[PDB]
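Visitor: What follows is a single structure, and I will ask about it in a moment.
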Amino acid sequence: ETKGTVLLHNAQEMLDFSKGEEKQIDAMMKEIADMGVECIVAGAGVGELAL
Amino acid sequence: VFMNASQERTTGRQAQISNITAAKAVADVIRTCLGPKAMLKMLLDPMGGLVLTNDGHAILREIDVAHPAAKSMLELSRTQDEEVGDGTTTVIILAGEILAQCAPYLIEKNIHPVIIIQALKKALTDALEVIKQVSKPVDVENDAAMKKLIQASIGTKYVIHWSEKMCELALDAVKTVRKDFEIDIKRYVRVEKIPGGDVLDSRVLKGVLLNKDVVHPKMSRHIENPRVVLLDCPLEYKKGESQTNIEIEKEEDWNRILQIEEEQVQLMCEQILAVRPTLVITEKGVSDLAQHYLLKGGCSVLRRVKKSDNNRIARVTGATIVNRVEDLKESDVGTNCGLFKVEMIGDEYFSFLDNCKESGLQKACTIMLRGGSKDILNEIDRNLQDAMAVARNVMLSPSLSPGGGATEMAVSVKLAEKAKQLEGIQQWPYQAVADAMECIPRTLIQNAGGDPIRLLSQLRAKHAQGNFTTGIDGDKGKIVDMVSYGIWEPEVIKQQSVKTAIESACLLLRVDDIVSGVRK
Amino acid sequence: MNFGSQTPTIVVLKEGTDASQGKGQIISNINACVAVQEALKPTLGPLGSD
Amino acid sequence: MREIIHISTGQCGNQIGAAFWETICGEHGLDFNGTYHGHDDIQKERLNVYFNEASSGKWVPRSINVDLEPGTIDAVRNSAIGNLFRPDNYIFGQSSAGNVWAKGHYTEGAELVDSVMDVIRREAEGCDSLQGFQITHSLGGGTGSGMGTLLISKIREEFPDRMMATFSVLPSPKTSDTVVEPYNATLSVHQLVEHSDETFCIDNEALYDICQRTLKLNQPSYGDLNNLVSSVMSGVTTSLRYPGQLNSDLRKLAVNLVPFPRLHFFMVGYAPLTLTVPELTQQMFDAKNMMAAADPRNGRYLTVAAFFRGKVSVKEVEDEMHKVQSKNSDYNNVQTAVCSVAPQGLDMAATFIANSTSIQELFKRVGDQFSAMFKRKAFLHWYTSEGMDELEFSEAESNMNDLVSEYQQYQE
Amino acid sequence: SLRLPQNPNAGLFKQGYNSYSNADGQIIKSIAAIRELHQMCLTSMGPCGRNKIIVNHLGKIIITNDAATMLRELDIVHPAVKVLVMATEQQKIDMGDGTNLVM
Amino acid sequence: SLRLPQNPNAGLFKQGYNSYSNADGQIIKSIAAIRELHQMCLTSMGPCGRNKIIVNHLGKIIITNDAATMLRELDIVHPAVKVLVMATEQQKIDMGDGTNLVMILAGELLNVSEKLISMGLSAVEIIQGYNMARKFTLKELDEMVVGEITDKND
Amino acid sequence: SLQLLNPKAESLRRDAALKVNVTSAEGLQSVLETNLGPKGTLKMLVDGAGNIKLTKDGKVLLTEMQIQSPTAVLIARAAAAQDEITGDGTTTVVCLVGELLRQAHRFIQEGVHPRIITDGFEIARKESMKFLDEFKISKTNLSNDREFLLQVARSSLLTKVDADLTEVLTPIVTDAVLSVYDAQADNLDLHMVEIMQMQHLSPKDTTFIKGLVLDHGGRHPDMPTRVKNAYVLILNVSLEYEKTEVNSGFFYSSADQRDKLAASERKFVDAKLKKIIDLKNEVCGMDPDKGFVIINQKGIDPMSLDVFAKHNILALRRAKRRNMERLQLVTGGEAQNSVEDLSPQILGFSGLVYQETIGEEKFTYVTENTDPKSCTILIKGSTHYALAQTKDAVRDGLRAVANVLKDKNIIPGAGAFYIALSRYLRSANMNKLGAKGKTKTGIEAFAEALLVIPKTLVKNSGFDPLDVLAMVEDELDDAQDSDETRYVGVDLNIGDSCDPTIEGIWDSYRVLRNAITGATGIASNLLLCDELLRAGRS
Amino acid sequence: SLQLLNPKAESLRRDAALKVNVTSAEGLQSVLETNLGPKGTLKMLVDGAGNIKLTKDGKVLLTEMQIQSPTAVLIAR
Ligand SMILES: Nc1nc2c(ncn2[C@@H]2O[C@H](COP(=O)(O)OP(=O)(O)OP(=O)(O)O)[C@@H](O)[C@H]2O)c(=O)[nH]1
Ligand SMILES: Nc1ncnc2c1ncn2[C@@H]1O[C@H](COP(=O)(O)OP(=O)(O)O)[C@@H](O)[C@H]1O
Ligand SMILES: Nc1ncnc2c1ncn2[C@@H]1O[C@H](COP(=O)(O)OP(=O)(O)O)[C@@H](O)[C@H]1O
Ligand SMILES: Nc1ncnc2c1ncn2[C@@H]1O[C@H](COP(=O)(O)OP(=O)(O)O)[C@@H](O)[C@H]1O
Ligand SMILES: Nc1ncnc2c1ncn2[C@@H]1O[C@H](COP(=O)(O)OP(=O)(O)O)[C@@H](O)[C@H]1O
Ligand SMILES: [Mg+2]
Ligand SMILES: [Mg+2]
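Encoded structure:
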C-alpha cells in the first residue's frame, strides 16, 4: 500500500525478478485449483498474468 | 493635462470654514451622549453586527467619514481610550468647541493661525496650574471612598442601578491585577462572556474559566488540590523537520516503526508521571493513546488551549511555560489550586479553576458576566473597562479633581480673569479658551432640560464667592457642591482632555488647502 | 418628524456654477489676456505678419 | 487507499465543489440522477473512490457541503446537480459568519462543527478505506476560513493519520473589496500549516488575469473562474481515480511533492487554456499560466510534478523533460504522470504543480497588509469582542515571519 | 441589521420634499451656508470694493460692485438666502442705494 | 391616493418572504392546490388507471401509474402538496402497497373539510373528529376480516 | 452633521429612532403573538428548495428567517440567548420587550424622559425578585413523586403538540428524568439524554429504551445479529492500516520479498487482535449462551472483520465521541484505548442486544441493563419536519423539567405570576420605595405590560380577553379577605378561571427570572437610544 | 383572493390597513401639530419654481404639498 517500487541491485536479481513472478502466481493458482474449482468471481480488476 | 490634482482646489478662507464646520459636526453627533441622562446609540456596521453604546470612542470606531479634517478628530478617541480609558466623549466634545470659538477670529478679525497657537500654549500652561490647584488629594487605601470613586463613571451608564455590585466587582479585580510603582495592565483581565442569567449572582472568582471539558469520561470532575502542569508541545509523534524517507527491507521493520510510535508516547508520558500531576493542560492537540496512560497515573487531559489562556494559568497556578518535557521537574509544577469543578450550560461546557488565595508575580482573574443578551454583555464589558480605568489613575496619581464640570469651569474663570491683565494681541484667542470650557457644563444642563442661561449666570456668581467645588447636579438640574454630592473623578482624565483637545486644534488650524485624489 | 430617510445639504450656488477665491483667478484672467496678446505680438509693425 | 471524502465549506467552497462535481460526474460517467451510462470498466472500476454504490446503483457522491448562509447551499441544491448529493449531507445554519474569521469561526464552530462531526462520522463509517479528506475553502472569507480552520482541527483529531488536502482560494488584493480580507487570511494559515498535509494555492486575482488574457471573456464571472479551478482539480483527482501507478493515490502525491513538513503550498499550472506534447510543454511553464500572483521565474522550483492526459506515451514526455531540463537549469527536478483518459471537451491537457520559493512573495505581501495596515489596530474590535485576544494575532504574525523565513532559508 | 425600516412616515409626503427642521440643526446649517455669499457683498463694499462678474444663462455678462443687481441674476436654490435677495430689491425699487448695506 | 403605502413595517423581514394566513380563503386555495394534482391521481387509480408521462430534468422519462413514484420527479412549490409526496413516500418504503389510497383519501378529507371550515367548525374540533373516527375505523377493520392463508407455500 | 462628513449615509434621530424601535417591536410581536399558547397556530419555514421544517418555537423562526431591521436582531439574540441556556421562555421575552416599548412610548409622547422611565423599570424589577421568594413554594425531592413530574412534562408538550402526542411522549420523558436523580444529585442533560432521527411507522410509535441505541450494525452476514449476554469492550485504537509518518517504500527486490512484506504489513493488525483473543480466552466459558461485542470509535479494516466473524464477535465501527462517554454509564464497565493492559473488570454487562434493519440502514439496540446510569430517547417520525417538530419539543421539554430538579422551588403559571405582580406593583406603598419624581408612570407602565401576556393566550381561543379577567379580578378581591391562599389561572377550554395547583400547569423558576431580566435590559437600552445611523467601509 | 381577479392589485386587510391608518394619522399629526399656538414654527413652502411662502395654517400647507398616502388625503379634505 505504501510506495510499491522495484529495487534491483545487481544482474542476478534482474534475471530472477521476471520469472519469480510467474512462479509465484502459478503457485497460488495451482493451489486454488487442486481443490477442484472451475469458476472464480472476482471483486475488482484482474491482472493478465493471473488470468 | 497636468498631474492628478486640481479637480477643485478649496483654497483660502473657505477651506478652513469647512474644517470648523466639519469638526463641529463630529461633536454634534454625540452631543446628547454626555452626562448622567445621556442617550444610547445603535450603529449599524456593514458586516452584519450591531454596536449598542453611548461611549464616544465606540461610536466613532464604527462611523466612517470621507473627509480628511474630520478623521483627525476621529483619532482623538483612540488617544483617550489607550491612555486612561475614560472621558473619550469629553475629548471629542471639548475640541469641537475650541475649534469653533477660535473661528470667529480666524474668519473675521484676521488673526493668523500661528498667533492663536502661541496663545493656547500659555493657556495650556495655565490650565495645568489651576487644575493642579483645584484638585485635592485622597487616600488610596480607603475602600469606602474608592467605591464612590469607581462608581463616578458608572453613573453615566446603564448599570448605575447595580453600582453597589460593580464597584465591589471592579475593586476586587483591580487589586488582583495590581502589583506591589503600582503598575497594572488589562491584558490579563479576561472578558469572557456568558449569555443569560441575573446580574446579582454574577461575581468575580479567583482564577480562569475555560470553554472546554475533559477528553476521557473517567477523568475526575472534582479534585481537592489540583496540580497543574502546562505543556506547549504536541504530545503526539510528529513528522519532523528534515527530508526523511525510511526504506524498509525486512518484514520486521514496519511493525517496529508502528511500535516505536507507541513507545515514544509512552516515554514522554512516563516522565510526566515522575511528578504525578492531576491536570495536564496542553497547548496543541492531544492523541487518543498518550491520553490513555496519562490516565494510568491520575492526570486529566484537555483539548488544545490557545496561548493566551495558558499565560494566565501560569500566573494563577504559579507554573511556567514548558515545552521540553524531558526537563520537567517538581519545582515548576503549579500548586495551591483551590478547587476544580465543571458546570453544565447548554451553550458549552465550562471548567472552573479556583485558587487557595494563600510577594511574587501578579495574580490574574476572570470576571463573570451574566447579562440578558449578547449586546448586554458587550455593553457591560465596556463599562468595566471604563470603570476599571478609573481605578488606575488614583494609584498612579493620588490627586483627585472635582467632577460635574467644576474642574473645566475653574479653568474658564481663571482664564477669563487673567485675560484682562494679558493686554496685547494674544488677548482675543486667550479669552476665547474660557468660552469653550464653560460649554461642558452647558451640555449637562441641556440634557437635564434646564435653562443654561440663568444656571451658568448663577454658577459664575457663586464660583468666585462660594467655593471651587461648585457644580451642576445632572439629575435634578440645580447647583449642588461636589463635596456634599459625594461624586469625584480623577485628575488624570482632566489633563488628557485639556491636552488632547488643545493639541488637536494646533494641528488642524495650520491647514491651508485640501487636495483630494492624488494617488494610492 | 422628518419626511424621509436622509436629507442632502443644499449647494448655495447652482449646480455647475464655477467660482473661485484668492489671487489665482485674477492671475488666470491676466494670463488669458496675455494668451490673446501673443497672437497679436508679431503682427505689430510694418514688418509684421497677417 | 480506495476512498477519499470531499468536504466543501463556504460560498466559494460550495461553488467550486458544485463545479468540481459537475466535472467529475461527467468525466467517468453518471447522469445527475446517479445512473451510470458509461463505457466501460475504466470509468467504473475506480468509481468507488468518490461514490457510494447504493443498492440499485444510484451512486451518490461522498461530499459534505456546509455553510452558515442558508442561501448558498440552498441555491446549489435547488439547482441542477440536486439529486446526487444526499439530502441529509447538507449542514447549513443561520446567520452569516459576517466575513469575520473570529466571529464566524467561533460562534458556529460552537454549533455547525458539532453537526458536521456528526455527519462526517456515520456516512463515512460506511466505507472500508478512508484515505483522507479534500477540503475546498476560501482563505479570505468568514465561514469558510473560520470553519475550515476549526474543522481541520477537529477532523485531524478524530482521524489522526488520514491525509488532509485543501484547495483554499487565496484572496485577490485588487478585486477583494472587503478590507478585512488579509486580516483573516493570516489567521487561517496560522492553523492550515500546523495541520494540513498538502494544499494548493489559487488566487482570484490570478484567475482574473487568465480569464481575461487567454479566454478573453470581457468580464469574468465567478463562473469562469470556477470552471478553471475545476479543471485543475479534475486533473489532480484523475491522478487519483484512474488506475495508475505514477503518483498513485493521495499519500503518494504528498510524499513526492513535500520536501519538508512545513511547506504544503503548491502552484497549480494548467494548459491548454483557451495539440502536441511539445506544444503543451511551453504552456505549462509559461510565467503567465500560473494561477498564483507571484512570478515563479524570480523564485525557485523545488519539486516539479506534471500530470498529462489524453494520448501521450512514456517517451513523448521523457524526451520533453530531457529537452526542458537542459535550458531552465538555473531555475535535477522532474516528475511525470501520464494518464489515459482525456479532458471532457479537449483531447489532451497537462496540469502542473511545483513547489516554489516564489510563494514567499504571496506571503510577504499578505504579511505586509496584515502588519502595516493593522499597526493602527484597525477593525480589530470586531475580533476582540467575539472573545479571542490580541496575543493570538501576535502569534499569527510571528508564524508568518516564520514561513517567510523558511522559504528564504531554502536559499531562494 | 442591513437595511433600515425606511422611516415608516414614507407613506406621507413624497421623496422630493425635504424637511430641515430645528433641533436637527437647521439654524446651524443656514447661518453658515450663507457666510459664502456674505463674503461676496462684504468684499464688494466700500470705495475700494471689488466688482463681481455675473454671467446669466442667456449669456448677457454684467460686472458690478453693486450687490443687488448681482442677486437678481443668481439662481439660488437655498430658500433662506432668497429672503435676503428680494429684501435687497425692496431697497432698490425704493431707496436706491445701500443695497449692499442692508444685505 | 395615487399609490398605497405598500404595507409599512415590511422591512422587518426580507422582500422575498411572504406570509399566508388562514383568512382570505387561503386554506381554500391550499385545498384547491391539492385538487390540481389530486384529479391527476383519479385517472390513475385501479385496474383501468392510465399511466403518466413524467419527463424530468434530464430527459429521463418514466411512464407510470403509482402515486409515490410519479411525485418524486415533479418539483413542487406548495408545501401542503409536499406533505402528500412524503406521505406516499413513507407508504412505498414501509409497506410498498396502497400509495394511491393515501393520495386519494387524504385529498378527499381535505375536500370534505372545505365544506366543514366553510360552515364554521373550528380546526381543533376537526382533528378530534377524524382521530375519533380513526380509532373506530382501525377497530372495525379487524372485525370484518374474513379468510386467512395459513400456508407459506402453495 | 453627517451629510457633509459622509457623502452617502442615512440618519434617523429624536422621533424616527423611537418610532422604529416601537414599530419594529410591534411588527415582530404580531408574528409571535398567535403562536403563544396551547391553541396557537403552527408555522412552517421553507427556504430555498422547499425544505420543510415545522415548529412553534420562536428561536427557530428567528434563527432561520433573515431580518434586516436593527432592533429585531437584538430581540433575536435576546430570545435566542435566553432559550439556549434555559430551553424555555422564548416568545415570553419577545412579548415583554414587544409590549413594554409600546406601553412606555405613549408616555414618551406625553413628554416624560426615557432615563427616569427606565429607572422605574429597574427598581420595579428588584421588587419582582423580592416577590419571587414569597411567591415560590418549596418542594422536597426525597419524596420522588412521579405524578409531579408528569404534570410538569405536560405543561410544555401540550403547548407544542396535541394531546395525542403528549400522552404517549410524556412518560418517555418521565422515565428518562426518573433516572437523573441520584445520591450525588448532579444533573447531566447533554451526555445522558440524546435525540436520534429515524424514519419509521409514525410519530405515535415513540418508545423508551433504557440502554444506548446505535445507528450502525454488523457488516458481515455471518456475524451474529442477536446476543443474549454481550460484554462490551471500548477501544479507541484504529485497526485499519496506519499510514506511518514519512515511511515510504517496501523496497522489494525479488518477487518473494513482496509476499513477505504484505504479510508483514498486516502483523501490526494481528498483534492487536491477539490481545482480544487472549481476553476472550478468559471469558470463554458459556460461549454459546454468552457473547462478546467490540465498539470502536475509528474505522476498522475490512480484512480484520473476517477475524471477528469467525469467532462470532459482533463488530461496530466509527462511533461518536458522545457514545464512548455513555457506554460506561449504561453497561457499567470502564473505558480502554490501548490493547496492552486488559482485565475482566472493565468489561460491561448487557442483558439483551439485538439488531433491526429497514431499507439500507441498520440499527443496533441495547437494553435490559442491571443498573443503567444513563439512557436514550429514540423518537420515531414520518417526515423530516416531523422529526424537527419532535426535536424542538423534546429539546424544550427536557430543559424545562430538568430545571425543576436543579432547585427546590417551582413557579405556578397560567398568568398567576403576572396577575400577582400586577396587584403587587399597583397596591404597594410608594413611600417604602426609593423612587420619586416622575417614576409614577414607570411603575404603572411595567405593571400594566405584564397583563398582555395572559390575554394573548385568550386571543388564540377567540374569546373576549377583557371579559374573562372580570371574574379573575373579583376572585382576588375576596380571596385576600376570605383568609384562603389560592392562585388563579386562565383555562382556555371554557373561558373561565382555574387553579394551576390541581390542573398541573407549572413553569420553571429561572425562565421567568431570566426573561424579565433579559427583557428589561433590552427594552431599557432601546428606549435610551435616540439616534440611528449606518457608516463604514465596504 | 384579489390576485386571482387582478394580478396587478394589492390588499392590506385587518391588521396592515389599521397600522397604515394610524401611522399615517400620527405621521400627519407629528409634522403639522407644531404650528398650533403662538409659539409655533414657520414653514417655507419651496416648490420647484422657487416660490417662497411663509404660513402656519394647515390648509395651505396641505394644498401645495400633494399627499401620497390615502388616509391623509381624507384628513386634508
Ligand atoms: N476563486 C473563487 N473565489 C470566490 C468565488 N466566489 C466567491 N469567492 C471568494 O469568496 C470570498 C468571500 O466569500 P466567503 O468568504 O466564502 O463568504 P462567506 O463568509 O462564506 O459568506 P457568509 O458566510 O454569508 O459570510 C471572496 O474572497 C471571493 O474571492 C468563485 O467562484 N471563485
Ligand atoms: N452625575 C453627574 N452629574 C453631573 N455631571 C457628571 C455626572 N457624571 C459625570 N458627569 C460629567 O460627565 C463628564 C464625562 O463623564 P463620563 O460620562 O464618566 O465619561 P465619558 O464622557 O467617557 O462617558 C465628566 O467630565 C463629568 O463632569
Ligand atoms: N474718501 C472717503 N473717505 C472716507 N470714507 C469714504 C470715502 N469714500 C467713501 N467712503 C465711505 O464708503 C462707504 C460706502 O457706502 P455704500 O455701501 O456705498 O453706501 P450705501 O450702502 O448707502 O450704498 C460710505 O459710507 C462712505 O462713508
Ligand atoms: N379486476 C378487478 N375487479 C374489481 N376490483 C379491482 C380489480 N382490480 C383491482 N381492483 C380494486 O382496485 C383497488 C386498487 O388498489 P390500488 O391502490 O391501485 O393498489 P396499489 O396499492 O397496488 O396501487 C384495489 O383495492 C382492488 O380492490
Ligand atoms: N394548557 C395550558 N393552560 C394554561 N396555560 C398554559 C398552558 N400551556 C401553556 N401555558 C402558558 O403559556 C406560557 C408559555 O409557555 P411555553 O410555551 O412553555 O413558553 P414560551 O411560550 O415562552 O415558549 C406559560 O407561562 C404557561 O403558563
Ligand atoms: Mg466616563
Ligand atoms: Mg415553552
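Chains as they are written, first to last, in PDB author numbering: chain A, 260 to 310; chain B, 6 to 185, 196 to 373, 431 to 592; chain C, 1 to 50; chain D, 1 to 274, 284 to 340, 347 to 427; chain E, 2 to 104; chain F, 2 to 155; chain G, 2 to 539; chain H, 2 to 78. Every residue, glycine too, gets a C-beta built ideally from N, C-alpha and C.
1. Is it true that the CB of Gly-522 of chain G sits closer than 8 Å to the CB of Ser-445 of chain B?
2. What is the chain-ordered set of residues for which the beta carbon lies under 6 Å from any non-hydrogen atom of ligand 4?
3. If you count every other CB in all the chains shown that lies within 10 Å of the CB of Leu-236 of chain G, and 16 or more means buried, which is it?
4. Counting pairs of beta carbons, one from the region 542–557 of chain B and one from the region 504–522 of chain B, are three or more of them closer than 8 Å?
5. Check whether the Cβ of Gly-300 of chain G lies closer than 8 Å to any Cβ atom in chain A.
6. Could you say if the region 470–483 of chain B and the region 551–560 of chain B meet the contact criterion of at least three C-beta pairs nearer than 8 Å?
7. Measure the C-alpha to C-alpha separation of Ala-482 of chain B and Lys-534 of chain B and round it to an integer number of angstroms.
8. Would you mind telling me which residues of chain F sit closer than 7 Å to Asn-33 of chain D, beta carbon to beta carbon, in chain order?
9. Since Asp-492 of chain G and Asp-58 of chain G should fall inside the 8 Å C-beta cutoff, what is the C-beta to C-beta distance between them, to a whole number of angstroms?
10. Does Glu-410 of chain D have its Cβ less than 8 Å from a Cβ in chain B?
11. With a threshold of 7 Å, establish whether the CB of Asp-458 of chain B neighbours any heavy atom of ligand 6.
12. Determine, using beta carbons only, whether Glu-272 of chain A comes closer than 8 Å to chain G.
13. Among the candidates D:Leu-30, D:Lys-297, D:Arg-318, D:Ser-322, whose CA atom is the shortest distance from the CA of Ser-231 of chain D?
14. Which partner residues does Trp-101 of chain D have in the DSSP bridge list?
15. What's the gap between the Cα of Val-61 of chain H and the Cα of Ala-73 of chain H?
16. Would the beta-carbon of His-264 of chain D fall within 8 Å of that of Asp-203 of chain D?
17. Counting C-beta neighbours from all protein chains within 10 Å, is the total for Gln-92 of chain F 16 or more, i.e. buried, or is it exposed?
18. Rounded to the nearest angstrom, what separates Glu-205 of chain D and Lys-174 of chain D at their Cα positions?
19. Taking 7 Å as the line, does the beta carbon of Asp-89 of chain G fall inside it for any heavy atom of ligand 7?
20. Residue range of the beta strand (DSSP E) that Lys-311 of chain G falls in?
Guide: Walking through what the data contain:
1. Cβ atoms of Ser-445 of chain B and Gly-522 of chain G: closer than 8 Å.
2. With the cut-off at 6 Å, the residues found are F:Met-46, F:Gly-47, F:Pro-48, F:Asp-98, F:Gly-99, F:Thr-100, F:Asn-101, F:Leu-102.
3. So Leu-236 of chain G ends up on the buried side.
4. Touching, yes.
5. Not an interface residue.
6. Enough Cβ pairs lie closer than 8 Å, so yes.
7. If you draw a straight line from the Cα of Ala-482 of chain B to the Cα of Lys-534 of chain B, it comes to about 12 Å.
8. Counting only Cβ-Cβ distances below 7 Å, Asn-33 of chain D has contacts in chain F at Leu-59, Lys-61, in chain order.
9. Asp-492 of chain G to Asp-58 of chain G, Cβ: 24 Å. No contact.
10. By this cut-off, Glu-410 of chain D is an interface position.
11. The answer is yes for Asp-458 of chain B.
12. For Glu-272 of chain A, the closest Cβ of chain G is nearer than 8 Å.
13. For the residues D:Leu-30, D:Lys-297, D:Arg-318, D:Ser-322, the minimum Cα distance to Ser-231 of chain D belongs to D:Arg-318.
14. Bridge partners of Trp-101 of chain D according to DSSP: none are assigned.
15. Going by the C-alpha atoms only, they are around 15 Å apart.
16. No; because the gap between Cβ atoms is not below 8 Å, this pair is not in contact.
17. Burial call: buried.
18. The alpha-carbon separation between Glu-205 of chain D and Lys-174 of chain D amounts to approximately 7 Å.
19. Correct: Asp-89 of chain G has its Cβ closer than 7 Å to ligand 7.
20. Premise fails: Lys-311 of chain G lies in the alpha helix (DSSP H), 303–311, not in any beta strand (DSSP E).
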